[PDB]
Amino acid sequence: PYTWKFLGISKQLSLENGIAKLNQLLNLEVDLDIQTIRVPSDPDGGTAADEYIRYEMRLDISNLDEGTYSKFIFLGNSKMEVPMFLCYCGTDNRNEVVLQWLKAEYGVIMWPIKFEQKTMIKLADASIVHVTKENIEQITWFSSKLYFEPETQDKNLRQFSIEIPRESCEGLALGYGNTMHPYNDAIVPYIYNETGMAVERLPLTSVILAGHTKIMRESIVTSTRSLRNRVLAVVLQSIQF
Amino acid sequence: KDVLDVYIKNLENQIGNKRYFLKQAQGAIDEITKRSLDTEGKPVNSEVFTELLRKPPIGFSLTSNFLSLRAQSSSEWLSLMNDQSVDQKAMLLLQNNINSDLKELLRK
Amino acid sequence: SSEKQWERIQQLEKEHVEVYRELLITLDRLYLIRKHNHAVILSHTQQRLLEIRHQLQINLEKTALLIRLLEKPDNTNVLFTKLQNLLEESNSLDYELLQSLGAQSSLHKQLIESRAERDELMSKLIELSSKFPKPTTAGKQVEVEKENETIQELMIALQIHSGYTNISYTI
Amino acid sequence: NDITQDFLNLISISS
Amino acid sequence: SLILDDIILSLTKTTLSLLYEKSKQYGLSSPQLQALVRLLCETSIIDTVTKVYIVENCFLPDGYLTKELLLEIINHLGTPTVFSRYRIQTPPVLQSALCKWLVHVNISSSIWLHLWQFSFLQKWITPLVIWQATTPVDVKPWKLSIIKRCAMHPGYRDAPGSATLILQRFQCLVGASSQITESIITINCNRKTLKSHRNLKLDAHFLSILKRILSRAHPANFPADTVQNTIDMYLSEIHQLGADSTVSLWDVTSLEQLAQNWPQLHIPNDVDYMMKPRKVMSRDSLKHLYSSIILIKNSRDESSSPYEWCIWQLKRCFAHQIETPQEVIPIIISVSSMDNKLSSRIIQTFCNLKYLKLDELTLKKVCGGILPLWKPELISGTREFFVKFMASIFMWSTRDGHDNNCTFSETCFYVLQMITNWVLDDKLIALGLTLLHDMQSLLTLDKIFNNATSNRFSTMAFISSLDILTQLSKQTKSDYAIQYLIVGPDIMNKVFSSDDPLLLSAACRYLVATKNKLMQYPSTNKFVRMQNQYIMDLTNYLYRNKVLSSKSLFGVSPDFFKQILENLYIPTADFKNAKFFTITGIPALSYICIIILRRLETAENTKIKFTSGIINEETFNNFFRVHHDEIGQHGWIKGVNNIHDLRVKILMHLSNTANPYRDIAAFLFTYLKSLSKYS
DNA sequence: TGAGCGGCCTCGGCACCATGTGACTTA
DNA sequence: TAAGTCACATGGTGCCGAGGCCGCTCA
């Protein structure tokens, strides 16, 4: 239950320099981690300019809950119109101090990120593909639940959900064929063919993967302590102009 | 309402006649286009266009549609222009205030 | 059901004027091609006169059976009342258009003079800002400021909670 | 000027 | 007034009524309020119901509340303790009503917070400590500890909900002072008591009384509208609570501060806060001037922070990234309407087809906010770029098939306002006039501006262009070329054929202006005979009724014009070839003349009304035939005996100061020797 | 001005699946 | 020691009757 709030950044800011100023301001050492991930390793997802820069800023004091574990995750690519976004979990009041310092030090323009319906479908696609230490990608199947809150006159239809079990989801994926985006290619077309609902047009408020994560229109909350690389990448292509 | 229905029938009859005349005209012009292998347009003679200039419920339809959507477009033009104008008044009030502020800052 | 009749005759008259305009255009270009062989590359100065003769034929027909219906006021046909409704909504908004245009033009003049004034002010302030010179222990200072804050807040608490009858801003 | 006027005439033809 | 403090010194029944009525008429000054509250608190011979009636009906300030009034009030809000027993106890209902009246109107924040521990004051202290907390540095963990300690304290009633409101305001304000939402969780979780606390009533009858008193008070100091707005925003701050040597630019609070430390001023890189938007001077008191201050402190170039902020927040609006693309659009418009480099950069990077496809509404708004003020830096290449942009938007509008789409016409009106700004200056006037001619060419094409599918937007753009041409023709001091006032015959005859009365009036205005300019020009040039052709065709179409005898009308010979009349059935063939070719026969001016005739009948109180719904020679003759003996003596418009006299009398009424059709009457009064005497 | 019905709405009690962790077993 | 099965105790979504204030609302 770690909600991730997403904010975009107008500039490619380099964090390996100047973080000592943040350490002096906050009177505590942060555990900045540098990684260079290549998310679209699939040939159909692109084979060039796939490298990202992943920063994991962490206000490390103690490890009991998110009151002392408000992580910060930054992702960046210099070959894009918008070059950087951040996402941070927890509810500590030092996080907005970190954001204010980031603004006042790098001169960046920061705005909250809202996901569209197709963006949420692509994020649900991204959050099942897991990278393994043997450098392979594994699709872990979760019993999804598309959850809608339509606005109709006289509040005729307040809300309606579409629950899809795990074995039915993998059966739909195997029926479509060998694909790496199951929801956008197999689940959503099956829903459209059966019930007539275009879920990329309907007001979709959340899709819930049971036991793993439940992404919303403005936040992503995950049972897992971190956020995988595919979700970060899909958020990064989401905010492009 | 019977007079409205028979006038609707008369106008759809006239519309169908005009659609027929369009269909025959476009068939003739397409046949002449097919029989003319010259892709490049010939320069039009002025004397031929002169002779064209000497030669030749519709108007009720014309004035009704014209006046109706003319009034509608004028009304919505008032709506958009008045919103833009009150935006201009607000912007000019703010701009005059900050103009006085910059003048005082220049003097000081 | 009368509103349905008026809506219906509205799209019928829209399609009617559309088909008549394009029919007139196709008829005139058909005459041009049939008199020539393939002359379809007529200039803008000739296409415009084709548009002019179209426009005068259109408004001449409008006036022509405007003569037919408005000469003798029957005051019984509903098309007659449709003509007065259309006319009274057409001529109503004529003055407000020019009034709003003139007011917004005066607004535009105000924009022009305000922009000129601000351009002058920015020019002067850039000239002045280039003439100013460039911009150029504390361990006990923060401690004595903290002591000042604690002493003054304790003074506020003692002045309020003791019922002292002179509360003032003591620096 | 001349190319712009011819471009406007092309617009008028295309209209 | 002096009656108020005279009654006050007298009090040191009739006096109460006099004080009430003089407060309801004038209102007391700040020393008068001080003396009144000092007399009311110290004595107890006055009845308590009359005490609360005074503090709810008589205390009416006129100007600023001084600090001494607040200090004197604070002296009376205390309670007798073990260190102060000589002073008497002020009644708690009087204290609560005085705090409520204070609601009606760093040290002081702690003063009000330490008075918040009083139980009976808590229902009205809370708006004061909310409104005092305006800055993030105001809150502190000791304040939070005291608030939580008094909130969770038993023996109180209003403490949970109101203190939860205080903590919610603090959480919405600072975003620091490590997390206090779990402290809110420890306090009540009913969402009902603080729901009633978050909306507060201020006795709007007393608000109206103070409103009228303050409106009677000082000119240009508290006007009524700003007082109502300030009270409304102070209440809405309660309502929406559910969700050292150098000086920084934030800490500067007054215009005096900027002077002595301008070379010691440090501009911060906090662009989003200072560009995105009170009687107290603070960081947000001078937030208006920050954008200009950055461009003064840092010399103007296309790398400064406000330019990048405007570019980025406009790309966000075009890419549909922002939720509300109407909060930052006025900010971008206000910043970039001036400061020519930023406006030119926005025009170069955004005024094209690609960003038109993304969002045409925001592009229309930025064209309304940028184009009317722009003046180019490079004269060459501007005309070709603007022709390309207008052609692109015209193809984009016309491929849709919907003629209701008015973006091209609206941006055309904006660029005609830009041409107005260009021709206001004598330099680069040829570029503006050529662009005006290009816009006139685009506006008159029969894809949006037809005689069947009307478009009053295009007519408004056209009459705006004609108005700018008339205002340009009156400038003698500018030696522009003579060829830039004509628009060709092909536009003029077409817009003469158009049935729009305002557009015909604008065309007559353009002809009147261009002839009054052309009178000093030689009488035989390439364009003088063109203007002569214009006026002879327009006069023949408007008044002469001699179309068939002319050589041509609007470039069309009258043989075709007669052949259209052939096979064109008219119910009466008395006068067919001259019935509807006049001022009453014009499609845009037929019923207008009938309205004018009816108003002339109403003005003269004529018993006879023109029953026929068309003014022509046949109807005029029949109207005199049916009522000959009544017309002969009295009961109709005086001084009119024929149809020509009727048209002249109509033209008199169109020349009055009540219609937007002045210019047609002046056109007929100018270029007609018979009508030259009516000028 | 004053009583007054209806959508709202939150309290909270209940119902049920969902969930994370220690204890314990398997390899 | 990595992984698995287990009941267990808490988290949480949905539901609904009670009741309160609100929101005009109409005489």
# chains A, B, ... in the order shown; residues from 1 in each chain; ligands from 1
call {"tool": "select_by_dssp", "arguments": {"residues": "range 273-369 of chain E", "states": "helix (DSSP H, G or I)", "output": "number ranges by chain"}}
result
E: 273-275, 290-297, 305-318, 329-336, 340-350, 353-358, 360-369
call {"tool": "write_last_selection", "arguments": {"atoms": "C-alpha atoms", "output": "short mmCIF file (atom, residue, chain, number, x, y, z; two decimals), in the first residue's frame"}}
result
data_model
loop_
_atom_site.label_atom_id
_atom_site.label_comp_id
_atom_site.auth_asym_id
_atom_site.auth_seq_id
_atom_site.Cartn_x
_atom_site.Cartn_y
_atom_site.Cartn_z
CA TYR E 273 5.76 29.39 -7.80
CA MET E 274 6.40 33.06 -8.56
CA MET E 275 4.47 32.97 -11.85
CA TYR E 290 8.17 39.21 -10.47
CA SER E 291 8.12 38.32 -14.18
CA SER E 292 9.29 41.79 -15.20
CA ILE E 293 11.82 41.88 -12.34
CA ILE E 294 13.50 38.72 -13.67
CA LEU E 295 13.80 40.25 -17.15
CA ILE E 296 15.25 43.46 -15.66
CA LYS E 297 17.73 41.77 -13.31
CA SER E 305 13.36 31.85 -17.15
CA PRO E 306 9.94 33.54 -17.87
CA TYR E 307 10.35 32.91 -21.60
CA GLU E 308 11.06 29.22 -21.00
CA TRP E 309 8.15 29.03 -18.55
CA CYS E 310 5.71 30.56 -21.03
CA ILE E 311 6.96 28.27 -23.83
CA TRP E 312 6.68 25.16 -21.64
CA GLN E 313 3.27 26.00 -20.19
CA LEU E 314 1.97 26.72 -23.70
CA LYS E 315 3.32 23.42 -25.03
CA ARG E 316 1.57 21.75 -22.09
CA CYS E 317 -1.68 23.46 -23.10
CA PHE E 318 -1.26 22.44 -26.75
CA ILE E 329 -3.33 31.03 -20.56
CA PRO E 330 -4.12 34.53 -19.17
CA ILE E 331 -0.71 34.47 -17.44
CA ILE E 332 1.08 33.64 -20.71
CA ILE E 333 -0.99 36.25 -22.56
CA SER E 334 -0.21 38.95 -19.97
CA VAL E 335 3.51 38.13 -19.94
CA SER E 336 3.99 37.77 -23.70
CA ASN E 340 8.57 41.46 -28.34
CA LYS E 341 11.19 38.69 -28.35
CA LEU E 342 8.95 36.22 -26.49
CA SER E 343 5.92 37.02 -28.67
CA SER E 344 7.98 36.63 -31.85
CA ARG E 345 9.37 33.32 -30.54
CA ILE E 346 5.84 32.08 -29.77
CA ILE E 347 4.68 33.14 -33.25
CA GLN E 348 7.62 31.38 -34.90
CA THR E 349 7.23 28.13 -32.92
CA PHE E 350 3.43 27.84 -32.53
CA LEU E 353 -0.62 23.94 -38.97
CA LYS E 354 0.92 21.35 -36.63
CA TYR E 355 -0.06 23.05 -33.37
CA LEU E 356 -3.35 24.09 -34.99
CA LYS E 357 -4.20 20.40 -35.36
CA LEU E 358 -3.45 19.71 -31.68
CA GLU E 360 -7.35 25.22 -32.09
CA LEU E 361 -9.06 26.84 -29.09
CA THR E 362 -5.82 27.53 -27.21
CA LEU E 363 -4.20 28.63 -30.48
CA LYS E 364 -7.12 31.02 -31.03
CA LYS E 365 -6.69 32.41 -27.51
CA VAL E 366 -2.93 32.88 -27.92
CA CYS E 367 -3.56 34.52 -31.30
CA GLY E 368 -5.91 36.93 -29.56
CA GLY E 369 -3.35 37.60 -26.85
#
call {"tool": "interface_residues", "arguments": {"of": "chain E", "to": "chain B", "cutoff": "8 Å", "atoms": "only C-alpha atoms", "output": "count of residues only"}}
result
20
call {"tool": "atom_distance", "arguments": {"atom1": "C1' of residue 13 in chain F", "atom2": "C1' of residue 17 in chain G"}}
result
9.7 Å
call {"tool": "residues_around", "arguments": {"residues": "residue 32 in chain B", "least_positions_apart": "3", "cutoff": "10 Å", "atoms": "only C-alpha atoms (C1' of nucleotides)", "output": "number ranges by chain"}}
result
B: 26-29, 35-37; C: 30, 33-34, 37-38
call {"tool": "write_last_selection", "arguments": {"atoms": "C-alpha atoms", "output": "compact mmCIF listing (two decimals), in the first residue's frame"}}
result
# COMPACT_ATOMS: atom_id res chain seq x y z
CA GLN B 26 -21.29 15.23 -63.66
CA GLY B 27 -21.73 12.22 -65.94
CA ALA B 28 -21.48 14.50 -68.97
CA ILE B 29 -18.44 16.33 -67.58
CA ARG B 35 -12.75 11.77 -74.24
CA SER B 36 -10.20 14.60 -73.76
CA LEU B 37 -6.73 13.08 -73.48
CA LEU C 30 -20.23 22.29 -67.99
CA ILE C 33 -16.11 22.82 -71.07
CA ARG C 34 -18.74 22.09 -73.75
CA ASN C 37 -12.57 21.26 -75.49
CA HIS C 38 -10.69 21.02 -72.17
call {"tool": "closest_atom_pairs", "arguments": {"of": "chain C", "to": "chain D", "cutoff": "8 Å", "atoms": "only C-alpha atoms", "output": "JSON lines"}}
result
{"residue": "C:43", "atom": "CA", "partner": "D:9", "partner_atom": "CA", "distance": 7.6}
{"residue": "C:44", "atom": "CA", "partner": "D:9", "partner_atom": "CA", "distance": 5.7}
{"residue": "C:47", "atom": "CA", "partner": "D:13", "partner_atom": "CA", "distance": 7.7}
call {"tool": "write_last_selection", "arguments": {"atoms": "N, CA, C and O atoms", "output": "compact mmCIF listing (two decimals), in the first residue's frame"}}
result
# COMPACT_ATOMS: atom_id res chain seq x y z
N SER C 43 -8.62 31.53 -64.84
CA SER C 43 -7.90 32.28 -63.82
C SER C 43 -8.83 32.65 -62.66
O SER C 43 -10.04 32.42 -62.69
N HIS C 44 -8.22 33.23 -61.62
CA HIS C 44 -8.98 33.69 -60.47
C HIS C 44 -9.92 34.84 -60.83
O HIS C 44 -11.03 34.93 -60.30
N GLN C 47 -13.00 33.03 -62.38
CA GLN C 47 -13.75 32.27 -61.38
C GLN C 47 -14.47 33.21 -60.41
O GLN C 47 -15.58 32.91 -59.96
call {"tool": "closest_atom_pairs", "arguments": {"of": "chain C", "to": "chain B", "cutoff": "6 Å", "atoms": "only C-alpha atoms", "output": "tab-separated table"}}
result
residue	atom	partner	partner_atom	distance
C:13	CA	B:61	CA	5.0
C:16	CA	B:15	CA	5.8
C:17	CA	B:62	CA	5.8
C:23	CA	B:22	CA	5.7
C:38	CA	B:42	CA	5.8
C:39	CA	B:42	CA	4.2
C:40	CA	B:41	CA	5.4
C:41	CA	B:41	CA	5.0
C:42	CA	B:44	CA	5.7
C:61	CA	B:59	CA	5.3
C:62	CA	B:59	CA	4.1
C:90	CA	B:71	CA	5.3
call {"tool": "decode", "arguments": {"residues": "chain G", "atoms": "N, CA, C and O atoms (P, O5', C5', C4', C3', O3' and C1' of nucleotides)", "output": "mmCIF file, in the first residue's frame"}}
result
data_model
loop_
_atom_site.group_PDB
_atom_site.id
_atom_site.type_symbol
_atom_site.label_atom_id
_atom_site.label_comp_id
_atom_site.auth_asym_id
_atom_site.auth_seq_id
_atom_site.Cartn_x
_atom_site.Cartn_y
_atom_site.Cartn_z
ATOM 1 P P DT G 1 22.016 -19.731 7.537
ATOM 2 O "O5'" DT G 1 21.201 -20.077 6.206
ATOM 3 C "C5'" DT G 1 21.863 -20.085 4.952
ATOM 4 C "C4'" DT G 1 20.957 -20.640 3.864
ATOM 5 C "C3'" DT G 1 19.642 -19.878 3.659
ATOM 6 O "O3'" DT G 1 19.381 -19.712 2.270
ATOM 7 C "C1'" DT G 1 19.191 -22.157 4.071
ATOM 8 P P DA G 2 18.966 -18.274 1.679
ATOM 9 O "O5'" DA G 2 17.899 -18.622 0.544
ATOM 10 C "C5'" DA G 2 18.308 -19.312 -0.623
ATOM 11 C "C4'" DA G 2 17.157 -20.117 -1.204
ATOM 12 C "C3'" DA G 2 15.897 -19.313 -1.534
ATOM 13 O "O3'" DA G 2 15.398 -19.692 -2.814
ATOM 14 C "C1'" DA G 2 15.363 -21.094 -0.057
ATOM 15 P P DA G 3 14.134 -18.928 -3.450
ATOM 16 O "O5'" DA G 3 12.899 -19.875 -3.088
ATOM 17 C "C5'" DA G 3 12.876 -21.214 -3.563
ATOM 18 C "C4'" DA G 3 11.844 -22.039 -2.820
ATOM 19 C "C3'" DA G 3 10.408 -21.520 -2.915
ATOM 20 O "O3'" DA G 3 9.650 -22.364 -3.769
ATOM 21 C "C1'" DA G 3 10.972 -22.311 -0.715
ATOM 22 P P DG G 4 8.163 -21.951 -4.212
ATOM 23 O "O5'" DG G 4 7.228 -22.677 -3.136
ATOM 24 C "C5'" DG G 4 7.239 -24.094 -3.039
ATOM 25 C "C4'" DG G 4 6.580 -24.557 -1.753
ATOM 26 C "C3'" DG G 4 5.160 -24.038 -1.528
ATOM 27 O "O3'" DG G 4 4.216 -25.054 -1.840
ATOM 28 C "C1'" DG G 4 6.487 -24.084 0.487
ATOM 29 P P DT G 5 2.646 -24.716 -1.877
ATOM 30 O "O5'" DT G 5 2.142 -25.053 -0.397
ATOM 31 C "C5'" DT G 5 2.249 -26.379 0.106
ATOM 32 C "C4'" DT G 5 1.674 -26.472 1.509
ATOM 33 C "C3'" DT G 5 0.304 -25.811 1.689
ATOM 34 O "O3'" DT G 5 -0.579 -26.685 2.381
ATOM 35 C "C1'" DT G 5 1.823 -25.001 3.309
ATOM 36 P P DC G 6 -2.113 -26.264 2.608
ATOM 37 O "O5'" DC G 6 -2.108 -25.544 4.034
ATOM 38 C "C5'" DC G 6 -1.734 -26.279 5.189
ATOM 39 C "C4'" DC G 6 -1.706 -25.387 6.414
ATOM 40 C "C3'" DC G 6 -2.830 -24.377 6.496
ATOM 41 O "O3'" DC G 6 -3.977 -24.980 7.073
ATOM 42 C "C1'" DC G 6 -0.727 -23.451 7.216
ATOM 43 P P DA G 7 -5.395 -24.226 7.032
ATOM 44 O "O5'" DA G 7 -5.425 -23.392 8.395
ATOM 45 C "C5'" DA G 7 -5.198 -24.052 9.631
ATOM 46 C "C4'" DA G 7 -4.740 -23.071 10.695
ATOM 47 C "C3'" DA G 7 -5.813 -22.104 11.189
ATOM 48 O "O3'" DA G 7 -5.709 -21.950 12.598
ATOM 49 C "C1'" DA G 7 -3.978 -20.885 10.312
ATOM 50 P P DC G 8 -6.759 -21.034 13.398
ATOM 51 O "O5'" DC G 8 -6.027 -19.618 13.483
ATOM 52 C "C5'" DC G 8 -4.680 -19.549 13.932
ATOM 53 C "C4'" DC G 8 -4.125 -18.149 13.760
ATOM 54 C "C3'" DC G 8 -5.093 -17.022 14.130
ATOM 55 O "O3'" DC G 8 -4.547 -16.244 15.179
ATOM 56 C "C1'" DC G 8 -4.003 -16.594 12.055
ATOM 57 P P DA G 9 -5.520 -15.492 16.210
ATOM 58 O "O5'" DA G 9 -5.414 -13.956 15.782
ATOM 59 C "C5'" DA G 9 -4.170 -13.281 15.878
ATOM 60 C "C4'" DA G 9 -4.120 -12.100 14.927
ATOM 61 C "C3'" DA G 9 -5.217 -11.048 15.134
ATOM 62 O "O3'" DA G 9 -4.623 -9.770 15.331
ATOM 63 C "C1'" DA G 9 -5.023 -11.642 12.843
ATOM 64 P P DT G 10 -5.507 -8.510 15.795
ATOM 65 O "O5'" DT G 10 -5.503 -7.561 14.510
ATOM 66 C "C5'" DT G 10 -4.278 -7.002 14.062
ATOM 67 C "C4'" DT G 10 -4.326 -6.674 12.582
ATOM 68 C "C3'" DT G 10 -5.246 -5.508 12.195
ATOM 69 O "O3'" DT G 10 -4.498 -4.527 11.488
ATOM 70 C "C1'" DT G 10 -5.560 -7.359 10.757
ATOM 71 P P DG G 11 -5.121 -3.076 11.185
ATOM 72 O "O5'" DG G 11 -5.360 -3.093 9.606
ATOM 73 C "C5'" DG G 11 -4.269 -3.350 8.731
ATOM 74 C "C4'" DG G 11 -4.746 -3.503 7.299
ATOM 75 C "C3'" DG G 11 -5.721 -2.424 6.824
ATOM 76 O "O3'" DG G 11 -5.318 -1.931 5.560
ATOM 77 C "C1'" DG G 11 -6.627 -4.575 6.432
ATOM 78 P P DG G 12 -5.976 -0.589 4.972
ATOM 79 O "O5'" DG G 12 -7.215 -1.118 4.114
ATOM 80 C "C5'" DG G 12 -7.006 -2.085 3.096
ATOM 81 C "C4'" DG G 12 -8.320 -2.484 2.452
ATOM 82 C "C3'" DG G 12 -9.335 -1.349 2.288
ATOM 83 O "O3'" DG G 12 -9.903 -1.407 0.995
ATOM 84 C "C1'" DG G 12 -10.338 -3.171 3.366
ATOM 85 P P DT G 13 -10.061 -0.074 0.117
ATOM 86 O "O5'" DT G 13 -11.232 -0.442 -0.903
ATOM 87 C "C5'" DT G 13 -11.210 -1.690 -1.576
ATOM 88 C "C4'" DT G 13 -12.586 -2.328 -1.567
ATOM 89 C "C3'" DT G 13 -13.744 -1.368 -1.860
ATOM 90 O "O3'" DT G 13 -14.377 -1.730 -3.080
ATOM 91 C "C1'" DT G 13 -14.235 -2.835 -0.043
ATOM 92 P P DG G 14 -15.553 -0.820 -3.686
ATOM 93 O "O5'" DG G 14 -16.882 -1.497 -3.119
ATOM 94 C "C5'" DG G 14 -17.063 -2.899 -3.244
ATOM 95 C "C4'" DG G 14 -18.284 -3.354 -2.467
ATOM 96 C "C3'" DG G 14 -19.519 -2.465 -2.635
ATOM 97 O "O3'" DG G 14 -20.624 -3.248 -3.058
ATOM 98 C "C1'" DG G 14 -19.098 -2.906 -0.342
ATOM 99 P P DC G 15 -22.005 -2.541 -3.476
ATOM 100 O "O5'" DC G 15 -22.886 -2.624 -2.146
ATOM 101 C "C5'" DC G 15 -23.029 -3.866 -1.472
ATOM 102 C "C4'" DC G 15 -23.793 -3.689 -0.174
ATOM 103 C "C3'" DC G 15 -24.925 -2.660 -0.229
ATOM 104 O "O3'" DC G 15 -26.177 -3.310 -0.085
ATOM 105 C "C1'" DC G 15 -23.629 -2.476 1.777
ATOM 106 P P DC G 16 -27.541 -2.498 -0.324
ATOM 107 O "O5'" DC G 16 -27.955 -2.020 1.143
ATOM 108 C "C5'" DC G 16 -27.968 -2.955 2.214
ATOM 109 C "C4'" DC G 16 -28.290 -2.264 3.525
ATOM 110 C "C3'" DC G 16 -29.372 -1.186 3.432
ATOM 111 O "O3'" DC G 16 -30.298 -1.335 4.494
ATOM 112 C "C1'" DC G 16 -27.424 -0.300 4.432
ATOM 113 P P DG G 17 -31.859 -1.055 4.243
ATOM 114 O "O5'" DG G 17 -32.371 -0.476 5.641
ATOM 115 C "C5'" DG G 17 -32.194 -1.237 6.824
ATOM 116 C "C4'" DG G 17 -31.754 -0.348 7.973
ATOM 117 C "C3'" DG G 17 -32.681 0.833 8.269
ATOM 118 O "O3'" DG G 17 -32.995 0.863 9.654
ATOM 119 C "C1'" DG G 17 -30.439 1.572 8.043
ATOM 120 P P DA G 18 -34.091 1.891 10.220
ATOM 121 O "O5'" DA G 18 -33.213 3.068 10.848
ATOM 122 C "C5'" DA G 18 -32.270 2.777 11.874
ATOM 123 C "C4'" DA G 18 -31.538 4.034 12.305
ATOM 124 C "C3'" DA G 18 -32.416 5.278 12.428
ATOM 125 O "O3'" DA G 18 -32.151 5.939 13.654
ATOM 126 C "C1'" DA G 18 -30.580 5.707 10.978
ATOM 127 P P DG G 19 -33.121 7.114 14.162
ATOM 128 O "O5'" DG G 19 -32.365 8.446 13.709
ATOM 129 C "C5'" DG G 19 -31.007 8.642 14.076
ATOM 130 C "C4'" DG G 19 -30.419 9.843 13.363
ATOM 131 C "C3'" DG G 19 -31.351 11.059 13.260
ATOM 132 O "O3'" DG G 19 -30.635 12.234 13.599
ATOM 133 C "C1'" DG G 19 -30.485 10.528 11.151
ATOM 134 P P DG G 20 -31.416 13.564 14.046
ATOM 135 O "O5'" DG G 20 -30.239 14.565 14.452
ATOM 136 C "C5'" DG G 20 -28.892 14.237 14.133
ATOM 137 C "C4'" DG G 20 -28.478 14.855 12.810
ATOM 138 C "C3'" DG G 20 -29.091 16.212 12.510
ATOM 139 O "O3'" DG G 20 -28.278 17.243 13.051
ATOM 140 C "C1'" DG G 20 -28.867 14.806 10.549
ATOM 141 P P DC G 21 -28.827 18.751 13.126
ATOM 142 O "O5'" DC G 21 -28.368 19.395 11.735
ATOM 143 C "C5'" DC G 21 -26.992 19.406 11.383
ATOM 144 C "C4'" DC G 21 -26.815 19.567 9.885
ATOM 145 C "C3'" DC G 21 -27.286 20.909 9.316
ATOM 146 O "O3'" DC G 21 -26.230 21.515 8.575
ATOM 147 C "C1'" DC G 21 -28.180 19.096 8.059
ATOM 148 P P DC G 22 -26.404 22.982 7.940
ATOM 149 O "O5'" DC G 22 -26.772 22.686 6.414
ATOM 150 C "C5'" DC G 22 -25.922 21.854 5.637
ATOM 151 C "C4'" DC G 22 -26.611 21.409 4.361
ATOM 152 C "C3'" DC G 22 -27.000 22.541 3.405
ATOM 153 O "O3'" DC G 22 -26.670 22.176 2.073
ATOM 154 C "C1'" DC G 22 -28.884 21.212 3.882
ATOM 155 P P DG G 23 -26.366 23.302 0.967
ATOM 156 O "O5'" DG G 23 -26.955 22.670 -0.378
ATOM 157 C "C5'" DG G 23 -28.082 21.803 -0.313
ATOM 158 C "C4'" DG G 23 -29.209 22.315 -1.190
ATOM 159 C "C3'" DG G 23 -29.264 23.832 -1.342
ATOM 160 O "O3'" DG G 23 -29.770 24.174 -2.627
ATOM 161 C "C1'" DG G 23 -31.232 23.092 -0.298
ATOM 162 P P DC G 24 -29.309 25.540 -3.336
ATOM 163 O "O5'" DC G 24 -30.400 26.613 -2.862
ATOM 164 C "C5'" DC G 24 -31.523 26.916 -3.691
ATOM 165 C "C4'" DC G 24 -32.514 25.766 -3.711
ATOM 166 C "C3'" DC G 24 -33.938 26.149 -4.105
ATOM 167 O "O3'" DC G 24 -34.562 25.054 -4.770
ATOM 168 C "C1'" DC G 24 -33.961 25.279 -1.941
ATOM 169 P P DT G 25 -35.801 25.301 -5.764
ATOM 170 O "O5'" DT G 25 -36.915 24.266 -5.259
ATOM 171 C "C5'" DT G 25 -37.130 24.073 -3.865
ATOM 172 C "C4'" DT G 25 -38.571 24.369 -3.491
ATOM 173 C "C3'" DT G 25 -39.151 25.633 -4.117
ATOM 174 O "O3'" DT G 25 -40.542 25.470 -4.338
ATOM 175 C "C1'" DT G 25 -39.134 25.872 -1.782
ATOM 176 P P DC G 26 -41.274 26.279 -5.516
ATOM 177 O "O5'" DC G 26 -42.813 25.882 -5.349
ATOM 178 C "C5'" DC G 26 -43.195 24.937 -4.359
ATOM 179 C "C4'" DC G 26 -43.807 25.632 -3.155
ATOM 180 C "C3'" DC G 26 -44.745 26.800 -3.488
ATOM 181 O "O3'" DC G 26 -46.002 26.613 -2.850
ATOM 182 C "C1'" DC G 26 -43.194 27.415 -1.813
ATOM 183 P P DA G 27 -47.324 27.312 -3.439
ATOM 184 O "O5'" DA G 27 -47.920 28.117 -2.191
ATOM 185 C "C5'" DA G 27 -48.420 27.410 -1.062
ATOM 186 C "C4'" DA G 27 -48.508 28.314 0.156
ATOM 187 C "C3'" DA G 27 -49.327 29.593 -0.037
ATOM 188 O "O3'" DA G 27 -50.177 29.799 1.084
ATOM 189 C "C1'" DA G 27 -47.163 30.131 0.747
#
